[PDB]
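# Summary of the model geometry
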Amino acid sequence: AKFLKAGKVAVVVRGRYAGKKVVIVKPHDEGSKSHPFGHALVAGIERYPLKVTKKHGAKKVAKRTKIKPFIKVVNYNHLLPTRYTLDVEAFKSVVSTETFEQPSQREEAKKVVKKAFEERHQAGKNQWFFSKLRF
Amino acid sequence: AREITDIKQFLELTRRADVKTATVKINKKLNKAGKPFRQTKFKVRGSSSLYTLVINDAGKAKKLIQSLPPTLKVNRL
Amino acid sequence: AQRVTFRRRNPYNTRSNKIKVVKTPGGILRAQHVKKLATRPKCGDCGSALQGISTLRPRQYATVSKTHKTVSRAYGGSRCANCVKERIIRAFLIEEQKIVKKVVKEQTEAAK
Amino acid sequence: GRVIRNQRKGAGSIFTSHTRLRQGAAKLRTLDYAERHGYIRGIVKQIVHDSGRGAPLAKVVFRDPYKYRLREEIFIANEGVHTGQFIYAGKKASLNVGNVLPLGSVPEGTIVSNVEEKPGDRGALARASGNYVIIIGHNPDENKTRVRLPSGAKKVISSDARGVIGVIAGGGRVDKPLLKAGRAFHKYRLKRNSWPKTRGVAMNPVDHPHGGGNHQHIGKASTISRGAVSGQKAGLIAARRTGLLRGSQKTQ
Amino acid sequence: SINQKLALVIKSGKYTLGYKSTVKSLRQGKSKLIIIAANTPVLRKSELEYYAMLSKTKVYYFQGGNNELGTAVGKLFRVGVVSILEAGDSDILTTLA
Amino acid sequence: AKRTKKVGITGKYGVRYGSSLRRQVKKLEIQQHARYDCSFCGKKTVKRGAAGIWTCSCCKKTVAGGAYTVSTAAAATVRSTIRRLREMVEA
RNA sequence: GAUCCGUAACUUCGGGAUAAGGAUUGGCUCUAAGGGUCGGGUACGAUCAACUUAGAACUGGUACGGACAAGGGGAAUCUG
RNA sequence: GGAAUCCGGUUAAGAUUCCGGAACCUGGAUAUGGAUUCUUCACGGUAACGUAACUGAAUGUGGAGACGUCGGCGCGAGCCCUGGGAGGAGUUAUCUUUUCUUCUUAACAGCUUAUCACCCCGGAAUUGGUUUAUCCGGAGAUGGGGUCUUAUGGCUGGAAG
C-alpha cells in the first residue's frame, strides 16, 4: 500500500537536514508545475532537545528542551520512510503549498510546529522522534 | 588594488577618516568604435587598499569632484 | 630569446624551486617562483575529492572564512554526501534491526 | 687472515635491515580481557603492500574497551579477507577465515596462520606468504596442542596461544623466476645487504677458508662441525648428509 | 522451476528491473513481489526488505548473483533486483515465490 | 593479426633467459595481468596491484589473495575445510 | 643517410636481420591524394589553413645523403 | 617539509634588501558597521550545494603536508614562425609594397572560466556512449537540466602616471 501518507515519519538523507527526522504533512505523489516529481511536504526538527536529568534546575530543564523546527518540500527519494507515526492535525492547515513562496509565511508557520513539537516532548509522547539519530 | 563600482559607496569611502588623500587620473580613450572620449579615474587611497572608480561620462565626472570632501588632498593627474 | 635566471640561492630544480617565465611591464622576461600546487581535500570514507571545499595549501585554510572549507550538512568538509547518505541508511536500519533483535530473543526466553 | 664476510654480517653497519618503507611490526592484538573471555570485533580498513615482505598486510581497527578511542593493529592478511570485513578476535569467536582464536577452541585439522608460540607474544609461526600450521591434536589436560609447522616439524604449544584461521596471502610467489639480476637487486634492495655474494672459492686465503690455489677448489671437506669456531663456519654447517636428496625426506 | 516462472512474467507480465525503479514501485504500492539477487550489498538488501514491510510486499531471494538474475529475465546485462509489478498469467504469486 | 606464435606476453624478453624460464613466466604473467570477476558487485574489474593484493575498480573493495591469481589452489580448499569444520560445530 | 626491392644456414621461434645482395636520390615546372569552421523544416556550397606522400615533363660535362654527418661484410673454431 | 612581495627606478661597486607605488602574512590588542536574536545560536536549494557573516570546551575521527618511473594524448605559459598598421635604421648601377627593429603589462584583488567528480528527471537489446590507446551502463547509460574544484585562461582594478 501507499505508506507515504499524511502522518508517516521519515528520515531525510540528503541536504542540510541529513539525518534529521521529519513527518510527512502533505504527500504529493506526482508532479507539479513547480517541483515535477513525487515530493512530500515535511515538518522536521533541526536542533534536537538535549538530554535532561534530575540534576538540571528549573531554568535549565527549559533551556535543555527547546526545539528548533523546519518545514520543507522534499523528494521521495531523499526520504527514508520509517514505521513510526506522529500526529499532524495541529499543523495541517498552516503547512501547505502557499506557505512557501512568500518566506514571510514560512517563519509564521515554523512557530506553530515549534509549539506543537514542544507540546509533544513535554509529557513526552513520541520518544523516537525527539532523539537525535546517531551517525 | 580593488575597483569600486557604486558611486555612492565611493562617496562614503572618502569620509572613512584614514583616507587623507586621493587622485584624479584622466585617460584619453575611444568609445569602442570611433571618436575619442574622456575617461577619468577617481582613486582614493585607504589605509590598506586603493579604491578606484572609473567614470566614462565626463559630465557625471564634473558632478563628482564637487562631491569630494574639502579636506581630501586631491592630486589632479 | 631572452634567457632567465633563478631568483633565490637554490640553483637546483627541486620541488620547492619551480619557475614560470612571465613578462614584466619593463618588457623583459623574468622568472617567478611558483609554490607547489594544492591538493583537494579527500573524503574520510571513500577517498574521493569532496566538492564545495576550496583547495589551498594547508596553512592557507586559516585565512579564509568558514564557508570555503565546509558544505552545509552533517559531516560537511569531512565526508562527501554519498558516504553521509549511506551512513544514515546504515545507522537507521541496524538500530531498527537491534529493536527486532531485542524482542526476537524475548520470545525464546518466553518459550523455553 | 682477515675477518671473513659472515663475521662482518653481525656487527650491523651496512648489514642492517633497510626498514624505511615498512608499515610496522605485524602483530596480533595483546591478550586483554576481551580476547580471552569473549570476543571483540574489528574492521579491516586497508589491505596494503609492505616492503621487504611477500605477504600483504591488513590494517584492522578496533574499539578500545577502556577508553573512547580507536586502536589500529596491523595483521598479516590471510587469503580471502577483503577491506570492510568484520574480524572477530577472542576466545568465543567463530571459526571463520580472518578471525583470530586461541588454539584450544579450534577443532583438530583447523588451518591457522600467524600462530603464537607463547600465549601473548603476538604472532610467531606460519607467517611468510602461503604458509600455515595444522592443529593435529589436543591434550586437554595440562592443556596443550600438537600442531605441525610449515617445515613439517611437529610442535606442542599452549592451547591459549592464538592464531588467525586461513593461510597467508600472496602465496605461490616464488613459483615465478626472477629472470634478471635486476629483479634480485630490487628484491634485496628493501631487505638487507647480501645480494652479490661472491663465492668463497674465488676469494683469497685472507678472505675465506676456501680461497686460493691454482685451481678454484675447496681443498678440504665443506661440511663443518657444530662445535667449530666463528671464522671457520664456511660451507655446510653440521651437515648430517650431503649430496642430492633421493628419497622421502618429508618427515613422518 | 523458479526460472521457468520468471520467464513467463517477462513475456506476459509487468515488471521493473534495477534498484531505483524497484523502490519506486514499493513507494507507489505497485509492487507485487521483489526478487533480490544473492550478491546484492547487504545494506541495499536491508532497505529493500524494509521497503517491503512498509508495503506488506513479499520478498523472494534469488539463488544466484546479479549475472544470473539478469539471465533469468532474459537480458544480457546484470540486474540486482527485479520487481514484479503485475503477475500476468504466471503463478509466482500463488507459489512459494 | 596474430603477432607471435608462442611467446605471447613474454616476447618482451626477446631471445634471453632460456625458453623454459620464459615459459614459467608466461604462465603467471597472464594470470597476474588478467581481470577477474569481483565477488561483490559481479563485475569483471578485479586487477592486481601488488603481490597478494587484488583491488576491484567499481565498489572499490580490495581483497587479499594469491600473488599471481586471486584464489590459490591451496586456500580454496582451506576455505572449504573451515567451512566443513564449522558446520560440525553448529550441528 | 633515406626510399623501394631482396634476404640464407641456424633458432630457445622471440631472433638472426641494416643479414647477404641491388636500384633510386639535384634543380625547376606541374599533377593527385590526405583537412578546419559555417547556415539545411519537423543533395551540396561558401571560406580558411596546413607540410606529408606518390607520380609526370623538362634540364645538366651522369651530377645529385654533392660540405657536414654516416654499418665493411661473410664461413667457421675455442670460450663466457 | 615550510606563513607571507611584486613592478619600475637608482650605484663606481648593493638590491625580490634602498627609493616610489602597490600587496600579503604572523602575533597582538581593539572600535564601528554589517550579521544573528521575541522560534535565541542564519537562511535558500528536491539535490549536488550557495553565501559577507551565521557561538561550540574536553575528547575522538578524518583530510592536507605526503610523494615512483615510463609512454602517448589534451590544455596553458613563454619562445619560435607569420599578416596588416603606426615609428626608426639599412640597401637602392638595376631590383626589392623590401631587410632589421619598438609595439610590454608583475605581485595582489573582484567578476567570469574545466577535464574529472557529483545531483535531479527519465528507465536503455535493434545494445548504446566513447578514447590515440576498450572501457563504461538497471549498483541506472545515451539524453535534457544543473552543482563543484579555479590548475588555468579572459575582462577590470594595480596601470600608464
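Residues numbered from 1 in each chain as written, not as in the entry; some residues may be left out. Chains lettered and ligands numbered in written order. Part of a larger assembly, values for the part shown. Heavy atoms only, no water. Residues with missing side-chain atoms left out of burial classes, pairs and counts.

As recorded by the PDB entry, chain E carries the name 60S ribosomal protein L30 and is attributed to Saccharomyces cerevisiae. In its PDB record the entry is named "Saccharomyces cerevisiae 80S ribosome bound with ABCF protein New1". The UniProt entry for chain E carries the following text under Subcellular location: "Cytoplasm". Taken directly from UniProt, the Sequence similarities text for chain E runs: "Belongs to the eukaryotic ribosomal protein eL30 family." (UniProt positions renumbered as here; feature names shortened; annotations may be inferred.)

Chain C goes by 60S ribosomal protein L34-A in the PDB entry, where it is assigned to Saccharomyces cerevisiae. Quoted verbatim from the Subcellular location heading of the UniProt record, the comment on chain C is "Cytoplasm". UniProt lists a comment for chain C under the heading Sequence similarities, and it reads "Belongs to the eukaryotic ribosomal protein eL34 family."

A separate point is the protein's contact with RNA strand H. Taken together, 96 residues form the shell around RNA strand H, and within it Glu-3 of chain B, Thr-39, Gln-51 and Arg-73 of chain C together with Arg-44 of chain E come nearest. Considering RNA strand H, the proportion of its atoms within 4 Å of the protein that are sugar or phosphate atoms stands at 73%. In this structure, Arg-47 of chain A approaches RNA strand H through a side-chain N or O atom, which is 2.6 Å from a phosphate oxygen. In this structure, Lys-43 of chain B approaches RNA strand H through a side-chain N or O atom, which is 2.4 Å from a phosphate oxygen. Looking at the surface near RNA strand H residue by residue, the classes come out as 25 nonpolar, 32 polar and 39 charged. (Near = heavy atom within 4 Å. Polar contact = N/O pair within 3.5 Å; in protein donor to acceptor, adjacent residues only side chain to side chain. Nonpolar A, V, L, I, M, F, W, Y, C, P; charged D, E, K, R; others polar.)

This part takes up the sheet that holds strand 3 (residues 39-47) of chain A. Residues and elements named next belong to chain A. Read across the sheet, five strands follow the order 4-3-2-1-5 without closing on themselves; strand pairing throughout is antiparallel. Two strands in the sheet have a free side with no partner beyond their single neighbour: strand 4 (68-75) and strand 5 (79-85). The sheet shows a mean angle of 35 degrees between the axes of neighbouring strands, direction not considered. With six bridges connecting them, strand 2 (residues 21-28) and strand 3 associate as antiparallel partners. Among the inter-strand pairings, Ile-24 is bridged to a residue of strand 3, identified as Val-42. Packed on one face of the sheet, helix 2 (residues 104-121) meets strand 2, strand 3 and strand 4 and runs near 115 degrees to strand 4. (Pairing = 2+ DSSP bridges. Helix = DSSP H or I, 4+ residues; strand = E, 2+ residues; numbered from the N terminus. Axes fitted to C-alpha atoms, helices over the stretch in contact; angles between N-to-C directions. Contact = heavy atoms within 4.5 Å.)

One frequently used descriptor of interface size is the decrease in accessible area upon assembly of the parts. Each partner contributes to the interface: chain E provides four residues, whereas chain F provides five residues. Buried surface at the junction of chain E and chain F, both sides included, amounts to about 280 Å², of which 28% is carbon and sulfur. Contact with chain F buries surface across chain E, with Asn-39, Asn-66 and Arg-78 of chain E losing the most and accounting together for 89% of the total. Applying the counting rule to chain E against chain F returns zero salt bridges. Linking chain E with chain F are two residue pairs in polar contact, by the criterion used here. Across the side of chain E that touches chain F, the residue classes tally to no nonpolar, three polar and one charged. (Buried area = accessible area lost by both parts, 1.4 Å probe. Salt bridge = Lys/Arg side-chain N within 4 Å of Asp/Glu carboxyl O.)

On the side of chain F, 30 residues touch chain D, which itself brings 34 residues to the contact. Between chain D and chain F the total buried area reaches about 2600 Å² when both faces are included, carbon and sulfur atoms providing 67% of it. Applying the counting criterion to the chain D and chain F interface returns one salt bridge. When the shortest N-O distance is used, the salt bridge between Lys-176 of chain D and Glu-29 of chain F registers 3.1 Å. Linking chain D to chain F there are twelve residue pairs in polar contact. For the side of chain D that touches chain F, the element with the highest residue contribution is strand 1 (residues 39-49) of chain D, accounting for three residues. Split into classes, the residues belonging to the side of chain D that touches chain F amount to 13 nonpolar, 14 polar and seven charged.

Okay, the protein's contact with RNA strand G next. All names here are of chain F. Around RNA strand G, the neighbouring residues are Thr-4, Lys-5, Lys-6, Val-7, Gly-11, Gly-14, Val-15, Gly-18, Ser-19, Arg-22 and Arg-23. The contact in question runs from a phosphate oxygen of RNA strand G to an N or O atom on the backbone of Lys-5, over 2.9 Å. The contact in question runs from a phosphate oxygen of RNA strand G to an N or O atom on the backbone of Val-7, over 3.3 Å.

Attention shifts here to the pattern of salt bridges. Opposite charge on two side chains permits pairing when their charged atoms draw close. Residues and elements named next belong to chain A. Applying the stated criterion across every chain yields a total of 25 salt bridges over all chains. Of the charged contacts in the structure, one is a salt bridge between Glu-118 and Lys-114, with a shortest N-O distance of 2.6 Å. Of this pair, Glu-118 and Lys-114 are both found in helix 2, four residues apart, which corresponds to roughly one turn of the helix. Accessibility expressed as a relative area gives 14% for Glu-118, which makes it buried. Taking the relative accessible area as the measure of exposure, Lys-114 reaches 24% and is therefore partly exposed. (Buried < 20%, exposed > 50% of the residue type's maximum accessible area, 1.4 Å probe, protein only.)

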